[PDB]
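Chain letters run A, B, ... following the sequence lines, proteins first, then strands; residues in each count from 1.
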Amino acid sequence: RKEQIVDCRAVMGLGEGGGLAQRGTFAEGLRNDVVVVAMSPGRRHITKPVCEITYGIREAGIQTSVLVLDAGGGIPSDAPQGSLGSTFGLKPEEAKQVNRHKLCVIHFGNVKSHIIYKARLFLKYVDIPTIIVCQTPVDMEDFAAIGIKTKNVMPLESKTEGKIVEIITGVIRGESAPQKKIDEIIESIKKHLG
Amino acid sequence: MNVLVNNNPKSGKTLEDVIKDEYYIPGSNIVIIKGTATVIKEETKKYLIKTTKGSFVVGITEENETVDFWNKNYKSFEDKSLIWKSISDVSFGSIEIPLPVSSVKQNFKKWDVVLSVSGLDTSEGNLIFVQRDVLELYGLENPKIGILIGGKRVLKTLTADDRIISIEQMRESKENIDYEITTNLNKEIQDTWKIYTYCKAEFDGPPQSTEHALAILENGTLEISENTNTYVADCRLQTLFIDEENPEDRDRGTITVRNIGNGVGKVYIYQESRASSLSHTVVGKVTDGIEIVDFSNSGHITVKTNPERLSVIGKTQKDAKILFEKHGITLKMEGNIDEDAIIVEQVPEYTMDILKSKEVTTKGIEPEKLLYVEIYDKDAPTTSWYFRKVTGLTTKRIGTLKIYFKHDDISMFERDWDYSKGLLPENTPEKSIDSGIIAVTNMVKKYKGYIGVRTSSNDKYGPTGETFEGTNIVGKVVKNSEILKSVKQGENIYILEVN
Amino acid sequence: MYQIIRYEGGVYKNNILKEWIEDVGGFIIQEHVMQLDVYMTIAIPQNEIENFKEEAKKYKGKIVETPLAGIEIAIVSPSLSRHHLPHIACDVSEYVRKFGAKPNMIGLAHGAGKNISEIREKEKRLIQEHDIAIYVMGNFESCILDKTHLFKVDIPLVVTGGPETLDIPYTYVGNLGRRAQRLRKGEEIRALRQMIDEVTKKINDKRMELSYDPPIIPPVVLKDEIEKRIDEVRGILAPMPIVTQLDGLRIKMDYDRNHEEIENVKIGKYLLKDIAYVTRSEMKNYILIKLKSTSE
C-alpha cells in the first residue's frame with residue numbers, strides 16, 4: 001500500500017458525452033512499471049477493456065501508465081499486399097515512452113492475421129516484454145511464423161527486438177472484463193516482472 | 001500662436017510653415033499629438049488604508065452582500081478605532097451596518113476581511129479584520145467581504161488605541177494620449193501643439209540582415225503593410241532569404257527582420273517591449289521620434305538611417321571615390337579605372353563590413369561589357385519577380401547572370417532552386433520567338449527556373465531548349481549584345497535594367 | 001498582461017498563425033494535433049486579443065475562453081482502484097482539463113475506509129505543491145464527516161461527495177459521489193459545473209492575492225525563456241514537460257542532474273537563482289520553481 005500518482009494527459013477528451021482519453025496521448029504513472037497500450041480512445045478500447053486492466057494492475061500495487069496510440073487501428077503497411085482500410089503504426093516518441101517501462105500490456109482484437117502483423121510492427125521498436133490481450137484464441141507460435149521473438153516458440157531469423165511474453169484470450173472489445181481475466185493478467189505480470 | 005515644435009518651437013499657423021525646415025519626403029504620414037488626458041479611475045477590488053500602526057492592503061473577493069455595503073460605507077468606517085483584538089480577531093468601528101443579521105454563520109479564513117455585526121444590532125457593526133481561521137463564531141448573513149494579505153503585519157500590530165483614520169482605496173490612475181493622423185498642410189494651429197515629422201534609425205547588426213534593412217529604407221520611407229498593437233511591418237521584400245540569427249529583446253522601437261517562415265524578409269518595428277524571438281533578427285533601433293511609428297497605422301513614414309548605405313553599384317567611379325573619401329574609407333580600384341566606369345562589384349559589399357574594415361575594393365566594367373536588359377513586369381509579374389530575385393536586381397542596380405550551359409546560339413543561365421516555386425506559365429510565346437529574348441522555363445518542364453537567351457530565332461523551341469508551352473518570356477536584351485558569344489561556361493555577365 | 005486562451009482549428013495554414021503569434025509576442029503553451037485539427041493553448045498580450053480573434057476567424061478557428069489555463073490541480077482520490085479511478089475521478093480530471101488546467105491524479109495509499117483512513121506527510125507535501133486540490137469523496141454523510149483529517153492542507157480546497165449538503169468547515173459540492181457510470185446526466189453535469197465555479201472563484205481570489213505583490217517575471221514568459229535557453233526540454237517524455245503554475249513552474253527533468261543548469265539561467269539582467277526558489281519536487285524527483293515577489 002503506497003501512494004500512486006498519475007500524470008494526467010495535457011489534452012481533454014472526445015467531446016461532452018464521449019470518452020475521457022484522446023488519441024496519441026500518454027499518461028505517465030511516475031514510477032514506470034507497466035504501460036497499457038490502447039489502439040484508440042473509442043468505446044471499443046477505452047474504459048471497457050483497458051481502464052479495467054488499468055485498475056486491476058493499480059489494485060495489485062503496480063503503477064500503470066496508459067498510452068493511446070495515434071494510429072492504432074488497422075494493419076501495418078508491411079503486411080502482405082500492404083494494408084487495407086487503415087494503416088497501423090508506432091511513432092518514435094511513442095516507442096520511447098513505452099521503452100522506459102518494465103513491461104507492456106497491449107490489447108488486440110479478433111482477426112489473427114491482423115494481430116500477428118500488428119504485434120510484429122509494434123515489437124520492431126519496443127524492446128521490453130509485452131503481453132497480448134486479445135479476444136480470439138491465438139497460439140503462441142503464429143507470431144514466430146512471421147519472425148517475432150516469442151518466449152516458447154523462437155524464430156530462426158528474428159525480425160523484432162521485443163518478446164511476446166504471454167498471450168491472454170477471451171477479452172472482448174467494448175465489454176467489461178471479468179475478474180478472472182484480470183487475475184490471469186495480474187498473475188502473468190507478477191511472474192514475468194519480478 | 002506660440003506652439004512647441006519638435007524641440008525648437010515654431011509659430012507658423014499652417015503645417016507647411018512649420019514642416020518646411022523639417023526634412024520630409026512627400027507622401028509620408030504626419031503625426032500630431034494634442035496632449036494628455038490622465039483619466040483617474042478607481043474600482044478598488046483591493047482597498048488600501050492609513051492606520052496609526054501603518055498601512056495594509058485589503059481585497060474584496062466574495063460578492064455576497066457585504067461588499068455592496070463596503071462600497072460606500074467604508075468612508076463611513078473612516079476614522080474609526082479598534083474595538084477589540086480578542087480571540088474573535090481584530091475588529092474596528094463601530095458604525096451602523098443595516099445588513100440583515102442572520103444567526104446562520106459561515107466559515108472564514110486566515111487574514112480575511114469581514115464585516116460581521118458583533119452583537120446582532122445594526123448600529124454596532126464591527127469592521128472585524130479576521131486574523132486566525134475562525135469556524136462558526138459570528139452571525140450575519142455572510143460577513144465575508146474580502147481578504148487581507150498586503151500589510152498583514154500592520155493589522156497584527158494594530159492596537160486598541162490605534163485607528164484606521166483615512167481609508168485609502170488604491171489611487172489607480174490611467175493615461176490616455178490624444179492623437180490624430182494626417183498627411184493636410186493648410187490648417188490653423190491654435191496653441192502649444194506638438195508635431196513629429198520623421199524618425200531616426202540606428203543600425204547595428206549582422207551585415208546581411210542590416211543590408212536587407214538598408215535596402216528596404218534606401219528611399220527614406222517605410223511602407224506600413226501590416227499593423228497590430230505591438231508592431232508595424234513592411235512587406236516589400238517578403239520572399240528574399242537571409243540566414244542570420246540575432247535573438248535579443250524586441251524592445252520599444254526595435255527593428256527586426258524575420259528570417260524564416262512565410263514572412264521571411266519582412267521588416268518589423270516594435271511599439272511594445274516584447275521577448276526575444278529566434279525567428280526575428282534585430283537590425284537596429286529607432287533612437288528618437290518614436291511617436292510617428294507609435295501612432296501611424298498605415299501609409300509611409302520618413303526614416304533616416306544613421307549609417308548611410310555604402311553600396312555604390314549603379315554609380316560611376318568618381319561618385320564612389322568622393323562618397324567613400326567623405327566617409328574616410330581607404331579605397332582601391334580593381335576593374336576599369338576610368339572615372340565614368342560603372343561599378344559592378346565591391347568587396348566587401350555590406351555596409352557594416354565596410355565600416356568595420358574601413359576599406360573597399362571597387363571593381364568596374366568596360367562600357368561595352370555591360371548587358372542591357374528590359375524586364376516585362378506587367379506582362380509576367382511572377383516570372384519578373386523571380387528573375388529580379390535570382391539576378392539580384394531587387395537589392396542592387398546591377399544584376400549578375402552566371403552562364404550554366406552553352407551551345408552555339410544558346411546560352412543558358414543558372415537557376416535558384418529557392419525562388420522558382422510559383423512559376424506558373426505566364427507569358428508563353430504565340431508566334432516564333434525573336435532573337436535576344438530572355439525566358440525562364442516554367443513548372444511544366446523538368447528544368448524549371450533555368451534562364452536562357454539565344455541570339456537567333458526559331459519557331460519551335462524557346463531560348464532554353466523547351467517548347468513554347470514550357471517557356472515564359474520575362475524580358476529582352478535591348479542594347480549590348482555580341483558578348484553572349486564570347487563568354488565561357490561559369491563566367492558571370494552583368495545586367496542593367498533600362499525599362 | 002498575457003491572457004491565456006485555447007484555439008481550436010485545423011492544421012492547414014496553422015504554421016502561418018503560429019508565425020503571427022510569434023510576431024505579436026505570444027507563446028504557444030500547448031499544442032496537440034489529433035488528425036486534422038489542432039488545439040493550441042496560447043498566451044498573448046491583452047492588447048492583441050481582438051487582433052487574434054480577427055486572425056482566428058480568418059482561419060475558421062474557434063477561441064475558447066479557458067479560466068483555468070494557468071494552474072495545475074491535484075485531484076485527490078482515496079485510491080486508484082475500480083471504485084473511484086475509472087469513473088468520477090476521470091470525469092473530474094477531464095472536466096478540469098476542459099478549462100485548461102493541468103490535473104494530477106493523487107491516489108492516497110491509505111485513503112479508503114471510515115476510521116482507518118490516513119494521509120501521509122509525503123502525500124501532504126505533494127498535494128501542497130499544486131495550486132488547488134479537489135477531493136473526490138464518498139456518498140455517506142457520516143463517513144465524510146468522520147474523515148475531515150484528510151483535508152488538512154494549506155491549499156485552496158473543494159470537496160465533492162454524494163450528499164447534497166455537508167457540514168464540514170470547507171467548500172463542499174454535493175451530488176458527486178462514488179459512482180460507476182460516466183457522468184452524463186443533467187444533474188451530474190450541473191454538479192461538475194458547480195465544482196468548476198468554486199475552483200474558479202478560489203483561483204481568482206488567489207490571483208488577486210498574487211496581484212497585490214506581483215512576481216518579478218510572469219511564469220509563462222519564464223517558461224518560454226527556459227525553453228529557449230535549456231536545450232534538454234524537448235527530450236522530456238512527460239505529458240507536460242514544463243507546467244505553468246500560478247506563481248511558478250514545474251520542470252520535469254531530474255533535479256540532481258539539472259538544478260545547477262536551471263539556476264544559472266540569466267533572465268533579463270538577473271540570474272534565476274536570485275529571483276526564484278529552485279527546489280527538488282516530491283513528484284518523481286523533478287524540479288520545482290517558485291517565483292519571488294518584487295518585495296524581495
Side-chain angles (χ1 to χ4, degrees), chain B residues 44-48 56-63 105-113 133-137 144 146-152 170 226-233 247-251 254 256 258 260-264 266 268 270-280, chain C residues 1-2 13-27 43-52 54-55 148 152 154 156-157 167-172 201-214 217-218 220-225 227-229 267-269 293 295:
Chain B
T44 182
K45 271 264 268 174
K46 20 188 192 180
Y47 273 103
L48 281 282
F56 46 79
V57 202
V58 292
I60 66 102
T61 56
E62 173 44 71
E63 147 81 8
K105 157 56 181 81
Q106 307 80 22
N107 175 35
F108 305 136
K109 206 54 53 59
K110 199 103 194 142
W111 314 108
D112 184 290
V113 185
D133 272 9
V134 317
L135 259 299
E136 271 57 38
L137 276 94
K144 176 103 154 23
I147 307 197
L148 190 299
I149 308 109
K152 186 227 76 53
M170 86 315 272
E226 281 114 20
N227 72 93
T228 60
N229 290 335
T230 64
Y231 68 83
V232 281
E248 26 252 50
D249 273 36
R250 300 175 282 172
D251 304 304
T254 315
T256 86
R258 178 171 258 279
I260 195 67
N262 188 249
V264 47
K266 277 158 73 186
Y268 297 78
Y270 273 84
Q271 316 163 0
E272 300 262 335
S273 294
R274 300 260 164 274
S276 161
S277 178
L278 257 287
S279 319
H280 286 262
Chain C
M1 177 31 156
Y2 288 113
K13 306 216 259 256
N14 193 51
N15 57 293
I16 295 105
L17 181 78
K18 292 231 276 280
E19 284 180 30
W20 186 94
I21 290 160
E22 289 164 13
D23 286 351
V24 308
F27 318 100
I44 80 150
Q46 264 135 0
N47 41 294
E48 294 269 37
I49 284 305
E50 337 295 0
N51 291 107
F52 184 52
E54 193 30 74
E55 218 69 28
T148 278
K152 275 336 286 173
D154 49 79
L157 272 192
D167 215 34
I168 48 172
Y170 311 93
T171 300
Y172 184 87
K201 168 184 291 104
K202 302 209 152 206
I203 261 53
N204 278 15
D205 300 354
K206 192 79 48 211
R207 244 198 267 289
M208 281 321 72
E209 267 107 355
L210 260 304
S211 169
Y212 278 4
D213 199 9
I217 204 192
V220 38
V221 315
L222 179 57
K223 158 210 211 264
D224 175 47
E225 201 86 23
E227 290 185 342
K228 267 190 266 134
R229 209 76 81 264
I267 47 56
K269 55 94 148 166
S293 30
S295 75

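- If you tally non-hydrogen atom pairs under 4.5 Å between each of C:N15, C:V24, C:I16, C:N51 and chain B, the highest count goes to C:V24.
- The residue among B:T61, B:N107, B:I60 with the most heavy atom pairs within less than 4.5 Å of chain C is B:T61.
- Contact annotation for B:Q106: neither backbone nor side-chain heavy atoms come within less than 4.5 Å of a heavy atom of chain C.
- The OH atom of C:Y212 sits 8.0 Å away from the CG atom of B:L48 when rounded to the nearest 0.5 Å.
- A distance of 11.0 Å separates NZ of B:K109 from CG of C:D154, quoted to the nearest 0.5 Å.
- In this structure, no portion of C:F52 lies under 4.5 Å from any heavy atom of chain B.
- Contact count versus chain C (heavy atoms, under 4.5 Å) is highest, among B:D249, B:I149, B:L135, for B:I149.
- Side chain to side chain, C:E48 and B:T228 meet the donor-acceptor criterion of an N or O pair below 3.5 Å.
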Run the side-chain donor-acceptor check on residues 203-211 of chain C: report pairs under 3.5 Å with partners two or more places apart or on a different chain.
from	atom 1	to	atom 2	distance (Å)
C:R207	NH2	C:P67	O	3.2
C:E209	OE1	C:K206	N	3.3
C:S211	OG	B:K46	NZ	3.0

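- Contact annotation for C:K201: only side-chain heavy atoms (C-beta onward) come within less than 4.5 Å of a heavy atom of chain B.
- Contact annotation for B:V58: only backbone heavy atoms (N, CA, C, O) come within less than 4.5 Å of a heavy atom of chain C.
- Nearest heavy atoms, C:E22 versus B:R250: O-NH1, 3.0 Å.
- Proximity to chain C (any heavy atom under 4.5 Å) is shown, for B:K110, by neither the backbone nor the side chain.
- Between the side chain of C:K228 and the backbone N or O of B:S276, at least one donor-acceptor pair lies under 3.5 Å.
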(request) May I have the step-by-step check of side chain to side chain contact (heavy atoms under 4.5 Å, CB included) for B:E226 and C:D23, ending in yes or no? (result) CA-CA 11 Å; B:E226 281 114 20; C:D23 286 351; over 6 Å; no
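- Between B:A275 and C:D224, the shortest heavy-atom contact is CB-OD2, 4.4 Å.
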